[PDB]
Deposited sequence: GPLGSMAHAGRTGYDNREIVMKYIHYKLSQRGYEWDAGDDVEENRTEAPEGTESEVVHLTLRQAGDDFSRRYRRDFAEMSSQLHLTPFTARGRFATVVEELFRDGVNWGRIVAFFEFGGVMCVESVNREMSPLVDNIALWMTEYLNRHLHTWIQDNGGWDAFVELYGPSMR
C-alpha cells in the first residue's frame, strides 16, 4: 500500500545519498525525489553547512535532534518543498553519522523518517494527490 511505498522511498533515498559519498549501505517517484533533492541541496547548500555544524550527532543525541529539527521544518504546515527538505535533512543526518563512524545510526534515522512519513505526512500527501502529484509537478 502507501506505507510500503513510503518505507521503500526512504530506503532508496538514503541509499543514493550515501552512495554519493562512497558508502554502500514505479521508479519515477524515486528519480523525481533524487532530482528535486539534488536541486534543494544545491540551493540551500550554505544552510545545510551551518545546520550540520550545529547537529552534534551521537547515538545519545540523534533522536532528539531529528525530532526538534523536523518539528521546526513543518511548523507552518506541509508542502512538497518541505517534504523534499525532510528527505534531504534525513540524508544529511545519515551522511554525518557515517562521517562520524556512527554508521549504525543510519538504520535508526531511516526508521524515524519512515515513521514520521507514515504517521505525520501521509494524510497530507494523499490529500494532495499522492506521490503521483509530486511527479506530475516536479518530475522529468
item	value
Regions left out of the model, expressed as runs of the deposited sequence counted from 1	1-10, 36-53, 169-171
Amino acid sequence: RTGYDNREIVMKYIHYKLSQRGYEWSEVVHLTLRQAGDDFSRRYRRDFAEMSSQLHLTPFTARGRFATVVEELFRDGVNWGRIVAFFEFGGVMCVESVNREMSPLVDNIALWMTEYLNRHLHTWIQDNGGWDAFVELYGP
From here on, numbers count along this sequence of modelled residues.
{"query": "Average Cα temperature factor in the PDB entry - higher stretch of 81-89, 65-73", "finding": "65-73"}
{"query": "Mean C-alpha B-factor comparison - 27-35 and 40-48, higher one", "finding": "27-35"}
{"query": "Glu101, C-alpha B-factor rank within chain (lowest, middle or highest third)", "finding": "middle"}
{"query": "Chain-wide C-alpha B factor ranking for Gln54, given as lowest, middle or highest third", "finding": "middle"}
{"query": "Third of chain Cα B-factors occupied by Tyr4", "finding": "highest"}
{"query": "Third assignment of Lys12 from its chain's C-alpha B-factors", "finding": "highest"}
